[PDB]
Amino acid sequence: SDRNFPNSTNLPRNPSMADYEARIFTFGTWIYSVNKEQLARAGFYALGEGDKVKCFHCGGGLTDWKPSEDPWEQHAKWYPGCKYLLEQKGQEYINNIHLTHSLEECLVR
Amino acid sequence: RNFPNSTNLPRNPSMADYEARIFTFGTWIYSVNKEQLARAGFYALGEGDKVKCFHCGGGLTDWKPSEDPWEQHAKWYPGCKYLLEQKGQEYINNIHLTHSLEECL
Ligand SMILES: [Zn+2]
Ligand SMILES: [Zn+2]
């Protein structure tokens, strides 16, 4: 189905990609300019069409990576409720990416 | 993009008062209640069923018949500060726990 609504429980949506090495493999043909090792470690595998990656745990998708963007920071911006993210980076990171993004908000606006 | 605001100050302070909002829905002709949407912070964008919350800047589209507008506001923009002020935290969480029940079917 790959429903739009992400997965903020602990059961990894696509469990067949819970392995790291299974993921960096999907970046075999990766031409885009974000670091693929930093990518997979952040929980992403490549969908093989364009630059679309999905997360293996929350099923969250990302596109149009601007060059040298951080997979980790990006993961937490759009899906602040991913359990594997919470596992890896811990709440403050998640609250920080958001806190700074709530800042260049009102900074002028 | 872009990033909806978890922040406390609204994004379109002009669509703050209810009366300004329902005015967008003067033409509105969809199977979703117009007077419910406006109550929920939303204003019509003119094109399609596309509506937007005045406070967070969330946009919702492809509406289905009888879909509760309050529910969706919570579903897609939980960090919305106006939503919170109108429904309390618990309500928002109920929607998320109910859709996490879906996650195992
Ligand atoms: Zn995730
Ligand atoms: Zn809102």
# chains A, B, ... in the order shown; residues from 1 in each chain; ligands from 1
call {"tool": "residues_near_ligand", "arguments": {"ligand": "ligand 2", "cutoff": "7 Å", "atoms": "only C-alpha atoms and all ligand atoms", "output": "ChimeraX atom specification"}}
result
/B:41,53-58,73,77,80-83
call {"tool": "write_last_selection", "arguments": {"atoms": "N, CA and C atoms", "output": "PDB file, in the first residue's frame"}}
result
ATOM      1  N   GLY B  41      -9.945  26.525  11.754  1.00  0.00           N
ATOM      2  CA  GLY B  41      -8.793  27.364  11.362  1.00  0.00           C
ATOM      3  C   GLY B  41      -8.528  27.529   9.870  1.00  0.00           C
ATOM      4  N   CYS B  53      -4.779  26.307   7.040  1.00  0.00           N
ATOM      5  CA  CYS B  53      -4.936  26.817   8.389  1.00  0.00           C
ATOM      6  C   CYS B  53      -4.207  28.138   8.505  1.00  0.00           C
ATOM      7  N   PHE B  54      -4.877  29.122   9.094  1.00  0.00           N
ATOM      8  CA  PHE B  54      -4.325  30.464   9.216  1.00  0.00           C
ATOM      9  C   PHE B  54      -3.101  30.496  10.123  1.00  0.00           C
ATOM     10  N   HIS B  55      -3.075  29.620  11.128  1.00  0.00           N
ATOM     11  CA  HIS B  55      -2.029  29.675  12.153  1.00  0.00           C
ATOM     12  C   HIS B  55      -0.748  28.932  11.796  1.00  0.00           C
ATOM     13  N   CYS B  56      -0.875  27.682  11.357  1.00  0.00           N
ATOM     14  CA  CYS B  56       0.299  26.863  11.080  1.00  0.00           C
ATOM     15  C   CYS B  56       0.739  26.934   9.622  1.00  0.00           C
ATOM     16  N   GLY B  57      -0.219  27.115   8.718  1.00  0.00           N
ATOM     17  CA  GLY B  57       0.080  27.166   7.289  1.00  0.00           C
ATOM     18  C   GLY B  57      -0.059  25.818   6.615  1.00  0.00           C
ATOM     19  N   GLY B  58      -0.615  24.860   7.342  1.00  0.00           N
ATOM     20  CA  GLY B  58      -0.893  23.562   6.770  1.00  0.00           C
ATOM     21  C   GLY B  58      -1.898  23.648   5.638  1.00  0.00           C
ATOM     22  N   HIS B  73      -6.698  18.066  10.744  1.00  0.00           N
ATOM     23  CA  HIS B  73      -5.853  19.146  11.214  1.00  0.00           C
ATOM     24  C   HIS B  73      -4.875  18.612  12.234  1.00  0.00           C
ATOM     25  N   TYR B  77      -0.924  18.010  11.043  1.00  0.00           N
ATOM     26  CA  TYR B  77      -0.162  19.096  11.677  1.00  0.00           C
ATOM     27  C   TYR B  77      -0.292  19.146  13.213  1.00  0.00           C
ATOM     28  N   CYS B  80       0.695  22.102  15.551  1.00  0.00           N
ATOM     29  CA  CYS B  80      -0.060  23.341  15.374  1.00  0.00           C
ATOM     30  C   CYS B  80      -0.540  23.868  16.709  1.00  0.00           C
ATOM     31  N   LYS B  81      -0.120  25.093  17.006  1.00  0.00           N
ATOM     32  CA  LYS B  81      -0.359  25.721  18.294  1.00  0.00           C
ATOM     33  C   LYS B  81      -1.808  26.190  18.470  1.00  0.00           C
ATOM     34  N   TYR B  82      -2.428  26.657  17.392  1.00  0.00           N
ATOM     35  CA  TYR B  82      -3.841  27.043  17.432  1.00  0.00           C
ATOM     36  C   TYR B  82      -4.742  25.841  17.667  1.00  0.00           C
ATOM     37  N   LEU B  83      -4.491  24.773  16.913  1.00  0.00           N
ATOM     38  CA  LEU B  83      -5.192  23.502  17.092  1.00  0.00           C
ATOM     39  C   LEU B  83      -5.207  23.117  18.575  1.00  0.00           C
TER      40      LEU B  83
END
call {"tool": "closest_atom_pairs", "arguments": {"of": "chain A", "to": "ligand 1", "cutoff": "9 Å", "atoms": "only C-alpha atoms and all ligand atoms", "output": "tab-separated table"}}
result
residue	atom	partner	partner_atom_place_in_ligand_line	distance
A:6	CA	ligand 1	1 (Zn)	8.3
A:7	CA	ligand 1	1 (Zn)	7.8
A:8	CA	ligand 1	1 (Zn)	8.2
A:12	CA	ligand 1	1 (Zn)	8.7
A:42	CA	ligand 1	1 (Zn)	7.9
A:43	CA	ligand 1	1 (Zn)	6.3
A:44	CA	ligand 1	1 (Zn)	7.8
A:54	CA	ligand 1	1 (Zn)	8.2
A:55	CA	ligand 1	1 (Zn)	4.8
A:56	CA	ligand 1	1 (Zn)	6.5
A:57	CA	ligand 1	1 (Zn)	5.0
A:58	CA	ligand 1	1 (Zn)	4.1
A:59	CA	ligand 1	1 (Zn)	6.4
A:60	CA	ligand 1	1 (Zn)	5.9
A:61	CA	ligand 1	1 (Zn)	8.8
A:75	CA	ligand 1	1 (Zn)	6.4
A:76	CA	ligand 1	1 (Zn)	8.0
A:79	CA	ligand 1	1 (Zn)	6.5
A:80	CA	ligand 1	1 (Zn)	8.3
A:81	CA	ligand 1	1 (Zn)	7.7
A:82	CA	ligand 1	1 (Zn)	4.5
A:83	CA	ligand 1	1 (Zn)	6.9
A:84	CA	ligand 1	1 (Zn)	6.0
A:85	CA	ligand 1	1 (Zn)	5.8
A:86	CA	ligand 1	1 (Zn)	8.9
call {"tool": "write_last_selection", "arguments": {"atoms": "C-alpha atoms", "output": "PDB file, in the first residue's frame"}}
result
ATOM      1  CA  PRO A   6       4.110   7.438   8.439  1.00  0.00           C
ATOM      2  CA  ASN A   7       4.880   4.863  11.155  1.00  0.00           C
ATOM      3  CA  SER A   8       5.588   6.264  14.605  1.00  0.00           C
ATOM      4  CA  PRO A  12       9.552  -1.051  11.017  1.00  0.00           C
ATOM      5  CA  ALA A  42      20.106   7.566   8.921  1.00  0.00           C
ATOM      6  CA  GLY A  43      17.760   4.739   7.940  1.00  0.00           C
ATOM      7  CA  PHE A  44      17.197   5.348   4.243  1.00  0.00           C
ATOM      8  CA  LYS A  54      12.222   6.057   1.889  1.00  0.00           C
ATOM      9  CA  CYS A  55      12.985   5.402   5.571  1.00  0.00           C
ATOM     10  CA  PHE A  56      12.939   1.708   6.474  1.00  0.00           C
ATOM     11  CA  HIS A  57      11.244   2.286   9.853  1.00  0.00           C
ATOM     12  CA  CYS A  58       8.737   5.103   9.475  1.00  0.00           C
ATOM     13  CA  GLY A  59       8.207   4.676   5.715  1.00  0.00           C
ATOM     14  CA  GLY A  60       8.898   8.368   5.286  1.00  0.00           C
ATOM     15  CA  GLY A  61       9.951   9.625   1.890  1.00  0.00           C
ATOM     16  CA  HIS A  75      14.984  12.868   8.719  1.00  0.00           C
ATOM     17  CA  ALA A  76      14.067  14.724  11.929  1.00  0.00           C
ATOM     18  CA  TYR A  79       9.336  12.963  10.545  1.00  0.00           C
ATOM     19  CA  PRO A  80       9.969  13.958  14.187  1.00  0.00           C
ATOM     20  CA  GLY A  81       8.200  10.795  15.387  1.00  0.00           C
ATOM     21  CA  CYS A  82      10.323   7.987  13.984  1.00  0.00           C
ATOM     22  CA  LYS A  83      11.255   5.322  16.500  1.00  0.00           C
ATOM     23  CA  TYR A  84      14.546   4.376  14.799  1.00  0.00           C
ATOM     24  CA  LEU A  85      15.434   8.065  14.720  1.00  0.00           C
ATOM     25  CA  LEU A  86      14.645   8.214  18.455  1.00  0.00           C
TER      26      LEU A  86
END
call {"tool": "closest_residue", "arguments": {"among": "B:62, B:76, B:14, B:93", "to": "chain A", "atoms": "only C-alpha atoms"}}
result
B:76
call {"tool": "interface_residues", "arguments": {"of": "chain B", "to": "chain A", "cutoff": "12 Å", "atoms": "only C-alpha atoms", "output": "JSON, numbers by chain"}}
result
{"B": [1, 2, 3, 4, 5, 6, 7, 8, 9, 10, 11, 12, 13, 56, 57, 72, 75, 76, 77, 78, 79, 80, 95, 96, 97, 98, 99, 100, 101, 102, 103, 104, 105]}
call {"tool": "write_last_selection", "arguments": {"atoms": "N, CA, C and O atoms", "output": "CSV table (one decimal), in the first residue's frame"}}
result
chain,number,residue,atom,x,y,z
B,1,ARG,N,8.2,22.6,-0.7
B,1,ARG,CA,8.1,22.8,0.8
B,1,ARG,C,6.7,23.2,1.1
B,1,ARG,O,5.8,23.0,0.3
B,2,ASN,N,6.4,23.8,2.3
B,2,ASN,CA,7.5,24.0,3.3
B,2,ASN,C,7.0,23.6,4.7
B,2,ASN,O,6.0,23.0,4.9
B,3,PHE,N,7.9,24.1,5.6
B,3,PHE,CA,7.8,23.7,7.0
B,3,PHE,C,6.7,24.5,7.8
B,3,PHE,O,6.8,25.7,7.9
B,4,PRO,N,5.7,23.7,8.2
B,4,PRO,CA,4.6,24.4,9.0
B,4,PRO,C,5.2,24.9,10.3
B,4,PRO,O,6.2,24.3,10.8
B,5,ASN,N,4.5,25.8,11.0
B,5,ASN,CA,5.2,26.4,12.2
B,5,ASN,C,4.6,25.8,13.5
B,5,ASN,O,3.5,26.0,13.9
B,6,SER,N,5.5,25.1,14.2
B,6,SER,CA,5.3,24.6,15.6
B,6,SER,C,5.1,25.9,16.5
B,6,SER,O,4.6,25.7,17.6
B,7,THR,N,5.5,27.0,16.0
B,7,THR,CA,5.5,28.3,16.7
B,7,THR,C,4.1,28.8,17.2
B,7,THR,O,3.1,28.3,16.7
B,8,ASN,N,4.2,29.8,18.0
B,8,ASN,CA,3.0,30.3,18.7
B,8,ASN,C,2.3,31.4,18.0
B,8,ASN,O,1.1,31.7,18.2
B,9,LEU,N,3.0,32.1,17.1
B,9,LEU,CA,2.4,33.2,16.4
B,9,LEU,C,2.0,32.8,15.0
B,9,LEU,O,2.7,32.1,14.3
B,10,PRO,N,0.8,33.2,14.5
B,10,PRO,CA,0.2,32.8,13.3
B,10,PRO,C,0.9,33.2,12.0
B,10,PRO,O,1.7,34.1,12.1
B,11,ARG,N,0.6,32.5,10.9
B,11,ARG,CA,1.3,32.8,9.6
B,11,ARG,C,0.5,33.8,8.7
B,11,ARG,O,1.1,34.5,8.0
B,12,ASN,N,-0.8,33.8,8.8
B,12,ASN,CA,-1.6,34.7,8.1
B,12,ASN,C,-2.6,35.4,9.0
B,12,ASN,O,-3.8,35.1,9.0
B,13,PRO,N,-2.1,36.4,9.8
B,13,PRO,CA,-2.9,36.9,10.9
B,13,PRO,C,-4.2,37.6,10.4
B,13,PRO,O,-5.1,37.9,11.2
B,56,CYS,N,-0.9,27.7,11.4
B,56,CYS,CA,0.3,26.9,11.1
B,56,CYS,C,0.7,26.9,9.6
B,56,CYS,O,1.9,26.8,9.3
B,57,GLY,N,-0.2,27.1,8.7
B,57,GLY,CA,0.1,27.2,7.3
B,57,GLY,C,-0.1,25.8,6.6
B,57,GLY,O,0.3,25.6,5.5
B,72,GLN,N,-8.4,15.9,10.7
B,72,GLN,CA,-7.3,15.9,9.7
B,72,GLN,C,-6.2,17.0,10.2
B,72,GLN,O,-5.0,16.7,10.0
B,75,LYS,N,-4.2,15.2,12.6
B,75,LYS,CA,-3.5,14.2,11.9
B,75,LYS,C,-2.2,14.7,11.2
B,75,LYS,O,-1.1,14.2,11.5
B,76,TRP,N,-2.3,15.7,10.3
B,76,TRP,CA,-1.2,16.1,9.5
B,76,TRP,C,-0.4,17.3,10.1
B,76,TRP,O,0.8,17.5,9.7
B,77,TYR,N,-0.9,18.0,11.0
B,77,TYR,CA,-0.2,19.1,11.7
B,77,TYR,C,-0.3,19.1,13.2
B,77,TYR,O,-0.8,20.1,13.8
B,78,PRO,N,0.1,18.1,13.9
B,78,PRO,CA,0.0,18.0,15.4
B,78,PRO,C,0.7,19.1,16.2
B,78,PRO,O,0.2,19.4,17.2
B,79,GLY,N,1.8,19.6,15.6
B,79,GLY,CA,2.5,20.7,16.3
B,79,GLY,C,1.9,22.0,16.2
B,79,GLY,O,2.4,23.0,16.7
B,80,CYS,N,0.7,22.1,15.6
B,80,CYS,CA,-0.1,23.3,15.4
B,80,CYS,C,-0.5,23.9,16.7
B,80,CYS,O,-1.3,23.2,17.4
B,95,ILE,N,-6.1,11.0,17.9
B,95,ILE,CA,-6.1,10.8,16.4
B,95,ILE,C,-4.9,10.0,16.0
B,95,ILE,O,-5.0,9.1,15.1
B,96,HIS,N,-3.7,10.3,16.6
B,96,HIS,CA,-2.5,9.6,16.3
B,96,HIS,C,-2.5,8.2,16.8
B,96,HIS,O,-1.9,7.3,16.2
B,97,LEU,N,-3.1,7.9,18.0
B,97,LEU,CA,-3.1,6.6,18.5
B,97,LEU,C,-4.1,5.7,17.7
B,97,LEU,O,-3.9,4.5,17.5
B,98,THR,N,-5.2,6.4,17.1
B,98,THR,CA,-6.2,5.7,16.3
B,98,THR,C,-5.6,5.3,15.0
B,98,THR,O,-6.0,4.2,14.4
B,99,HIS,N,-4.8,6.1,14.4
B,99,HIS,CA,-4.2,5.8,13.1
B,99,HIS,C,-2.9,4.9,13.2
B,99,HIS,O,-2.5,4.3,12.3
B,100,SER,N,-2.4,4.8,14.5
B,100,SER,CA,-1.4,3.8,14.8
B,100,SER,C,-2.0,2.4,14.9
B,100,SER,O,-1.3,1.4,14.8
B,101,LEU,N,-3.3,2.4,15.2
B,101,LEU,CA,-4.0,1.1,15.3
B,101,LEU,C,-4.2,0.5,13.9
B,101,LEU,O,-4.1,-0.7,13.6
B,102,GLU,N,-4.4,1.5,12.9
B,102,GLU,CA,-4.4,1.1,11.5
B,102,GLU,C,-3.1,0.4,11.1
B,102,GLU,O,-3.1,-0.6,10.4
B,103,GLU,N,-2.0,1.0,11.6
B,103,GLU,CA,-0.6,0.5,11.2
B,103,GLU,C,-0.4,-1.0,11.4
B,103,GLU,O,0.6,-1.5,10.9
B,104,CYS,N,-1.3,-1.7,12.1
B,104,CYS,CA,-1.2,-3.2,12.2
B,104,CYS,C,-2.5,-3.9,11.8
B,104,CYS,O,-3.0,-4.8,12.5
B,105,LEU,N,-2.9,-3.7,10.5
B,105,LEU,CA,-4.0,-4.4,9.9
B,105,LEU,C,-3.7,-4.9,8.5
B,105,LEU,O,-2.7,-4.5,7.9
call {"tool": "closest_residue", "arguments": {"among": "B:15, B:94, B:70, B:65", "to": "residue 36 (chain B)", "atoms": "only C-alpha atoms"}}
result
B:70
call {"tool": "residues_around", "arguments": {"residues": "residue 50 (chain B)", "least_positions_apart": "3", "cutoff": "7 Å", "atoms": "only C-alpha atoms", "output": "PyMOL selection string"}}
result
chain B and resi 44-45+47+59-61
call {"tool": "select_by_dssp", "arguments": {"residues": "chain A", "states": "alpha helix (DSSP H)", "output": "PDB file with C-alpha atoms, in the first residue's frame"}}
result
ATOM      1  CA  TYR A  20      22.455  -1.400   7.039  1.00  0.00           C
ATOM      2  CA  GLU A  21      24.340  -3.352   4.298  1.00  0.00           C
ATOM      3  CA  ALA A  22      21.034  -4.098   2.516  1.00  0.00           C
ATOM      4  CA  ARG A  23      20.568  -0.314   2.292  1.00  0.00           C
ATOM      5  CA  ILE A  24      23.936   0.975   1.065  1.00  0.00           C
ATOM      6  CA  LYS A  36      25.170   7.620   0.789  1.00  0.00           C
ATOM      7  CA  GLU A  37      26.867   6.162   3.907  1.00  0.00           C
ATOM      8  CA  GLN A  38      25.485   9.016   6.034  1.00  0.00           C
ATOM      9  CA  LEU A  39      22.185   8.258   4.275  1.00  0.00           C
ATOM     10  CA  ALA A  40      21.794   4.536   5.058  1.00  0.00           C
ATOM     11  CA  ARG A  41      22.968   5.054   8.644  1.00  0.00           C
ATOM     12  CA  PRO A  71      20.198  12.996   5.956  1.00  0.00           C
ATOM     13  CA  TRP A  72      20.014  13.086   9.754  1.00  0.00           C
ATOM     14  CA  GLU A  73      18.829  16.645  10.103  1.00  0.00           C
ATOM     15  CA  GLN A  74      16.372  16.064   7.231  1.00  0.00           C
ATOM     16  CA  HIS A  75      14.984  12.868   8.719  1.00  0.00           C
ATOM     17  CA  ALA A  76      14.067  14.724  11.929  1.00  0.00           C
ATOM     18  CA  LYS A  77      12.687  17.858  10.240  1.00  0.00           C
ATOM     19  CA  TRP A  78       9.899  16.056   8.396  1.00  0.00           C
ATOM     20  CA  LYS A  83      11.255   5.322  16.500  1.00  0.00           C
ATOM     21  CA  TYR A  84      14.546   4.376  14.799  1.00  0.00           C
ATOM     22  CA  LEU A  85      15.434   8.065  14.720  1.00  0.00           C
ATOM     23  CA  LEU A  86      14.645   8.214  18.455  1.00  0.00           C
ATOM     24  CA  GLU A  87      16.724   5.068  18.923  1.00  0.00           C
ATOM     25  CA  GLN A  88      19.719   6.586  17.143  1.00  0.00           C
ATOM     26  CA  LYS A  89      19.869  10.298  17.914  1.00  0.00           C
ATOM     27  CA  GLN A  91      14.974  13.364  21.713  1.00  0.00           C
ATOM     28  CA  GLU A  92      17.069  16.537  22.052  1.00  0.00           C
ATOM     29  CA  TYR A  93      18.443  16.179  18.521  1.00  0.00           C
ATOM     30  CA  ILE A  94      14.871  15.831  17.309  1.00  0.00           C
ATOM     31  CA  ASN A  95      13.757  18.809  19.430  1.00  0.00           C
ATOM     32  CA  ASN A  96      16.755  20.836  18.219  1.00  0.00           C
ATOM     33  CA  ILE A  97      16.295  20.401  14.490  1.00  0.00           C
ATOM     34  CA  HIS A  98      12.797  21.617  15.119  1.00  0.00           C
ATOM     35  CA  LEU A  99      13.745  24.415  17.541  1.00  0.00           C
ATOM     36  CA  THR A 100      16.157  25.913  14.999  1.00  0.00           C
ATOM     37  CA  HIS A 101      13.525  25.545  12.279  1.00  0.00           C
ATOM     38  CA  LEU A 103      13.697  30.095  14.653  1.00  0.00           C
ATOM     39  CA  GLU A 104      14.501  30.954  11.006  1.00  0.00           C
ATOM     40  CA  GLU A 105      10.674  30.992  11.071  1.00  0.00           C
ATOM     41  CA  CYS A 106       9.882  34.031  13.177  1.00  0.00           C
TER      42      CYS A 106
END
call {"tool": "closest_residue", "arguments": {"among": "A:53, A:10, A:64, A:46", "to": "residue 29 (chain A)", "atoms": "only C-alpha atoms"}}
result
A:46
